[PDB]
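From first to last, the protein sequence lines are chains X, B, W, U, Z, Y, S and L.
The first sequence begins at 370 in the authors' numbering and counts up one residue at a time.
The second sequence begins at 682 in the authors' numbering and counts up one residue at a time.
The third sequence begins at 213 in the authors' numbering and counts up one residue at a time.
The fourth sequence begins at 213 in the authors' numbering and counts up one residue at a time.
The fifth sequence begins at 474 in the authors' numbering and counts up one residue at a time.
The sixth sequence begins at 422 in the authors' numbering and counts up one residue at a time.
The seventh sequence begins at 526 in the authors' numbering and counts up one residue at a time.
The eighth sequence begins at 578 in the authors' numbering and counts up one residue at a time.
C-beta atoms are modelled at their ideal positions from N, C-alpha and C, and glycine is treated no differently.
In what follows, a structure is listed as structure tokens, so that the remarks can point back to it.
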Amino acid sequence: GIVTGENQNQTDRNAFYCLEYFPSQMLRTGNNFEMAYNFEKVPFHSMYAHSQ
Amino acid sequence: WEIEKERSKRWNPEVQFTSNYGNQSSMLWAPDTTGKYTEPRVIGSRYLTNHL
Amino acid sequence: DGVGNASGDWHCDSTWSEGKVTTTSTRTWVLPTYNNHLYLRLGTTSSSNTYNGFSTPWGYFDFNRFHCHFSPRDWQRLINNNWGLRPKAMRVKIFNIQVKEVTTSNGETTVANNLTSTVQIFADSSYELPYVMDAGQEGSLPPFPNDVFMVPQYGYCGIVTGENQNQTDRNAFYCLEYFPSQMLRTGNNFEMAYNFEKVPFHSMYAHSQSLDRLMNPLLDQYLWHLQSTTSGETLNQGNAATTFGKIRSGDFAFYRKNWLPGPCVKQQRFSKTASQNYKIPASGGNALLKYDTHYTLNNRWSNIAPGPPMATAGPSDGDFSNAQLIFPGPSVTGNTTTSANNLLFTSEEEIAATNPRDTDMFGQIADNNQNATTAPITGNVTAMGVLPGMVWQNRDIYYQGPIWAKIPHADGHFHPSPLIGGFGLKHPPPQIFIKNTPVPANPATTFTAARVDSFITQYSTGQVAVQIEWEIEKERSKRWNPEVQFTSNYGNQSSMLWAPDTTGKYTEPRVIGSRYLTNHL
Amino acid sequence: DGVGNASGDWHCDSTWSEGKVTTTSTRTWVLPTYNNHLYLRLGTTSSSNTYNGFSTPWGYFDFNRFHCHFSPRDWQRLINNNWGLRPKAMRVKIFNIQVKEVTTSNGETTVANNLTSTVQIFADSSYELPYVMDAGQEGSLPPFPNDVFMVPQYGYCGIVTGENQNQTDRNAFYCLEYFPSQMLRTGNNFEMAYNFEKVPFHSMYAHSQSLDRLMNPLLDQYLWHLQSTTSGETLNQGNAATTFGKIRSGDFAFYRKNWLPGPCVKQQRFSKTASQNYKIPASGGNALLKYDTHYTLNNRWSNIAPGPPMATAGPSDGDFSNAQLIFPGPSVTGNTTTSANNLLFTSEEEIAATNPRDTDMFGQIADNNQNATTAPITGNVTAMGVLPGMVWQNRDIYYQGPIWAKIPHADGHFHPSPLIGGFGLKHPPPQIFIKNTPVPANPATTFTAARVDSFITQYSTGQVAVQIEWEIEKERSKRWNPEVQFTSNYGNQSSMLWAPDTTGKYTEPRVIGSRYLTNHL
Amino acid sequence: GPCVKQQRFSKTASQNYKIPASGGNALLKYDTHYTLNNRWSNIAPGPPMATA
Amino acid sequence: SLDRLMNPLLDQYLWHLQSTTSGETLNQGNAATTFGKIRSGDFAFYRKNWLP
Amino acid sequence: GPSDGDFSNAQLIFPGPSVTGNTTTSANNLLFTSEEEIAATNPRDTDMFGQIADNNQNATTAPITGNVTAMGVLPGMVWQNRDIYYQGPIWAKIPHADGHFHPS
Amino acid sequence: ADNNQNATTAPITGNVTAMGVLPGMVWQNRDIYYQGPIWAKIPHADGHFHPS
Ligand SMILES: Nc1ncnc2c1ncn2[C@H]1C[C@H](O)[C@@H](COP(=O)(O)O)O1
Ligand SMILES: Nc1ncnc2c1ncn2[C@H]1C[C@H](O)[C@@H](COP(=O)(O)O)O1
């Protein structure tokens, strides 16, 4: 998290995120989890060296 | 829960509940180095002003 | 519609929705007769202050500041609960025109209402004139709705060649009377509408993460780096064996990072305590303008302020630079002060996460290539343009600061955001010009071709109404602990702040920006 | 509609029906320019008089008194024939606006009509402002239709912390120019309507029965009580034998009763003859404020007056308390008088049936538990809250008294009736604010950002019309003998009462409440 | 709930204090009574309160 | 504040007893009842519609 | 106020972060509820409701006024309820009974 | 509690013989009896409290 200056001490700008505050899925030995994702259009990595 | 948005014509800024704790060796309202979670201060619900 | 029918009503309230906020505000204005109805060129030859241009009989409405449209509470609702703001649309109405004539008799000015006199107003939509409304100057609607303000005069600077006043053939003269307008009498009213072009939300929030810390503190990198070229803690002594090592948690300065901090232009640092500063004259051979950072444009020095967005000291800190906007305080009087306590200092330090500090360098870059004989040398970097994969955050808007600016028409731009603050636009809200149509005095009975220089002394007054639909974004974060808010902590006061005092005077006690809510990178 | 077309007509008559009465009344008003168009905060540090707040350029219409809407005869028709009254609906119209300018020349003020000047009026329906119209203060429409009145200034007190002037951050500032209004010229007129919320009929009648007498005088109760603990008529002597007995007609104090008299707050009793009172300074260490009954709110004493409804002396009686409203008499002059004969005293003594007397205790309650050794002891009860099965009757309205009041927005109430009198409402008739839109004087030719402090001196005038539909209940009793009525018994008078005198002055000779007809519990 | 204290009388005649039936000092005076228009009236049974 | 619900500028049409004697000392004076109008600046003596 | 140098049973008391073991000799550890926002409509807990005239004076008898330590509700009385707290309870059950007054 | 104690002043507490109703107060009405009355007429008046 954000460090102000060279010192450890937190200020009021710092944030704490409790991962248990988010809805999840509880799985037993028969359950399974699945998700899908679609990358956003992004330029082709150009794999080649220039000959000029 | 059912709530009512404040609808006042007050001009100057109302009081708010903000974190003024300032520089802290450990963030308040968050676990400490030993994992213990405590509530640093008691805070009621009355901040916004209204008129009789 | 008539002499005895008011042409409009007083609208001045802000209505809130979850998606958007619409702020209407009305003021009363008074418009004199500038320059006795006649254009005047302007110019002065100064070393760096050299300018030339015209001053016009016309005057205009400047709506560009935030407190024109927002009451402090409405500004508190906004910045506390919302991540972003951009104007959707604008609307303006001018009505209740009242044209007065003044007659001095025995040293007594007696104002008498004049019905048939007109007033002529046009909004310039085609951007065919110099646009001065965004320059960050005075003349805006007052903050406080009861105050009544004086419409500013319109004049426009023009291209200066070198350090000399003299115009060349590239200069331009714009006659505002060459544009079609609308002539209004006491029954007529003027109205226009405008639609802002889509522009990115001003992000009102502070980052809760620093760039260099974007990693996971627990793990290590699979990357390796050179730890040292020799044993021992002293320089230029040891056994001179290259030691390669893994990048392990606890050494976070050596991590390989995907992004870089924002650009820099270093600024001079001045101390608010007068004893610490070095003695700099106001003007002369060696003057403060020279030692501040300034770009040289056609042999004319000009300060770079506020300059590119860079982290700044806190408002109460004992130093400041030209990177911090300065506003007058409540207790200030008469254009000059010897103590900084009166003044109210803008501070950017929330952007210290992604941006370098204004009074401190961007970094240090290796100057040479060492060998066993040559020791390494590293110079400071005072100025750094943008590089690929660089991130920065724009300067913050303020309750006193300007809303927008006009992107100068030019072949190229980079990241068009106004360095003072606000919203860069190609087609900003059009300036609205107004003047009192001249009424001649008693003419001679004979005929003469020379123009008539004697006029009835007049002025006009009336109302103006502004409506701007704003579009906002509610904060949607999972942060646990309480965020910072803008609250009134002023405490016990002999007189309420943000309200008139015993003498009726209204001032703004403190300068407050829009960044309170935290967010993460 | 035009300069030469009157915008409204003079309506001022009351029309009666068996179900309801509708009273219209019109007046002429004159509105100055308060505070030279600018807000001013107010405050003073006093031990118990400490206050803070603002004074505004605005002014408002106060319709809240009964004689605004009723002529004495119309008030006589009402209270003589009817048991109850409550307002059904209200309507208000402001018209015939005339805005004048005044110009002082050689010490001569010459008023000249100004057509294009405006006036701006808004009614606050959302109750977004401090509501001062019910506080029981001056500024109401005059009683007599010919008189023309001066619209009062609007200012509002605010929360006082402790005994000190100084505001804290809980205080609020309301800018009346932040609300949308309506700007009126000499042809425009303003109109609004209102619907009172259902509220219990004010019961205008006196009870013909006393609570303790609600029984049948002929019969006896089947209940038994302890008559005496000993023989003989002397205390602490006898044979000490408990004597139980039946409750038999002729002893009515020992009856078992289903109901209790109303609450009490004892008041101090002052005699109108100056020789009988004990000498009390006006202000000082020991002052009259201390010895009167007062609630201590945040270290600030405040009288309790009139206080809860309690029986009071007759108007002509030789004593009075703060429980009796006091009105100025016809012969009073100059804010002070040394003789009570001039003054006109409200009297509640009709409620002596159900309520205790203000200057006398609620009763006496047994202090201890006696035994053969210990004699019984009984203390007075000076203050008693409400208990189950308690009945009381509210304080009476008066022809000079207020019509309504606003129930303060709060978490809880009990029996919301205004202690002065009238109808407690959650949403009372909305205040109507009016001010003269400022007209600037001759401006400078140059530009300056500071606000313009020089204005044309103006005032306005016009008419106002009020209509309130009242709902009434005809008396429906089987009483045989003639009831009391409100009649004019004044007899031979050198000058008619309730009418102008030889000099044109109209005063109200006597204060008369609404309770004449008897009814039974 | 609310209270109005009452006097306590013992059924054994020897324990009570000797109170005449009517006179200067009478039982009506020493019982709890509300004064209505200068007329004393007992408060009985009075508000609901626990009893022996 | 409740006791401040009024308008600080105006006055009440009501009258009250200001003092029973002249002078600032208790139990001394000429013992003349002084009635007066309720005027702005004395806010403790206002007639108020509500109680704390 | 919470930081004031006095308190009563009218103020709820919550344990602080540094408190340990069911007992403490210093109030600084504890966190005190404070109602002082209701000082507008309500009397102070440690101070009287007011002072009520005890007798009826005459030329011989000086007036006497007693304090009021306890006052039930009267007609035309206004008050504001105690505030909820982030640690405080949400609800309560109105006891089943013949009568209530202002069930909060 | 009658007064506000300090190191010098000892606390003093008076009895409460009469107490009206307060917010959040509960009580139960007096019981009917086989010999007792069935009803009563609520006296016609401007106000009542808990008409039993
Ligand atoms: N103030 C301002 N005006 C106009 N254009 C700007 C401004 N700031 C940044 N930009 C440009 C530069 C970014 O690449 C892009 C983000 O647009 P996005 O909408 O986030 O996709 O817009
Ligand atoms: N003046 C005033 N305004 C508002 N509410 C009041 C007022 N006086 C008493 N009440 C409340 C208290 C009673 O229990 C009830 C009677 O309403 P009823 O209509 O008789 O059924 O209304």
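Between residue 445(Y) and residue 494(U), the alpha-carbon positions lie close to 7 Å from each other. Placement of the Cβ of residue 598(L) at a distance of 7 Å or more from every heavy atom of ligand 2 is found. Runs of the beta strand (DSSP E) lying entirely within the segment 532-584 of chain S and spanning at least 3 residues, in chain order: 575-578.
In this structure, the CA atom of residue 390(X) is about 13 Å from the CA atom of residue 711(B).
Residue range 670-686 is occupied by the beta strand (DSSP E) that includes residue 680(U). A straight line joining the alpha-carbon of residue 559(U) with that of residue 226(U) spans about 28 Å. With a beta-carbon spacing of about 5 Å, residue 692(B) and residue 283(W) fall inside the 8 Å limit used to define contacts. If you check each beta-carbon in the segment 541-570 of chain U against every beta-carbon of chain L, the ones closer than 8 Å belong to 566. With the rule of 3 Cβ pairs closer than 8 Å, the segment 605-617 of chain W counts as touching the segment 272-287 of chain W.
DSSP places residue 289(W) in the uninterrupted alpha helix (DSSP H) bounded by 284-293. When the Cα atoms are used, residue 230(U) and residue 296(U) turn out to be separated by approximately 13 Å. Annotation for residue 385(X): no residue places its beta carbon closer than 6 Å to its own, counting only its chain and skipping 5 residues before and after. Within the DSSP bridge table, the entry for residue 438(Y) names 456(Y) as partners. Among the CB atoms of chain U, none fall inside 8 Å of the CB of residue 612(S).
Taking the Cα positions, residue 475(U) is about 42 Å away from residue 305(U). In the three-state reduction of the DSSP assignment, residue 389(X) falls in the helix class, which pools H, G and I. Take the alpha-carbon of residue 309(W) and the one of residue 401(W): they are about 7 Å apart.
Of the candidates 650(W), 638(W), 657(W), the residue whose Cα lies closest to the Cα of residue 409(W) is 638(W). Every residue with a CB closer than 6 Å to a heavy atom of ligand 2 is listed here in chain order: 411(U), 412(U), 627(U), 628(U), 629(U), 635(U), 636(U), 624(L). With contacts defined as CB atoms closer than 8 Å, residue 594(S) and residue 573(S) qualify as a contacting pair. Short of 7 Å from the beta carbon of residue 367(U), and not among the five residues preceding or following it, lie these beta carbons of its own chain, in chain order: 254, 265, 266, 267, 268.
Within its own chain, the residues whose Cβ lies closer than 8 Å to the Cβ of residue 529(S), once the five positions on either side in sequence are excluded, are 559, listed in chain order. Apart from sequence neighbours up to five positions away, the residues of its chain that approach residue 675(W) with a beta-carbon distance below 8 Å are 220, 222, 238, 239, 240, 241, 306, 307, 308, ordered along the chain. Per DSSP, residue 232(W) is one residue of the beta strand (DSSP E) stretching across 232-243. Taking 8 Å as the cut-off, the Cβ atoms of residue 597(U) and residue 575(S) do not count as close. In this model, residue 714(B) and residue 561(S) are separated by some 36 Å (Cα to Cα). Residue contact with chain Z for residue 595(L): present (Cβ-Cβ distance below 8 Å to some residue of chain Z).
Residue 503(U): member of the alpha helix (DSSP H) spanning 500-503, first to last residue. Contact annotation: residue 431(W) and residue 461(W) have beta-carbon atoms nearer than 8 Å. Between the alpha carbons of residue 469(Y) and residue 602(S) lies a gap of roughly 11 Å. Sequence-distant partners of residue 372(U) (beyond 5 residues in either direction) whose C-beta falls short of 8 Å from its own C-beta, in its chain, are 262, 263, 264, 510, 512.
Neighbours of residue 579(U) across chain L, judged by C-beta separation under 7 Å: 594.
The secondary-structure analysis by DSSP pairs residue 320(U) across a beta bridge with 317(U). Residues of chain X whose Cβ lies closer than 9 Å to the Cβ of residue 692(B) do not exist, since the nearest Cβ in that chain is about 27 Å away.
By the CB criterion at 8 Å, residue 292(U) and residue 311(U) fall outside the cutoff.
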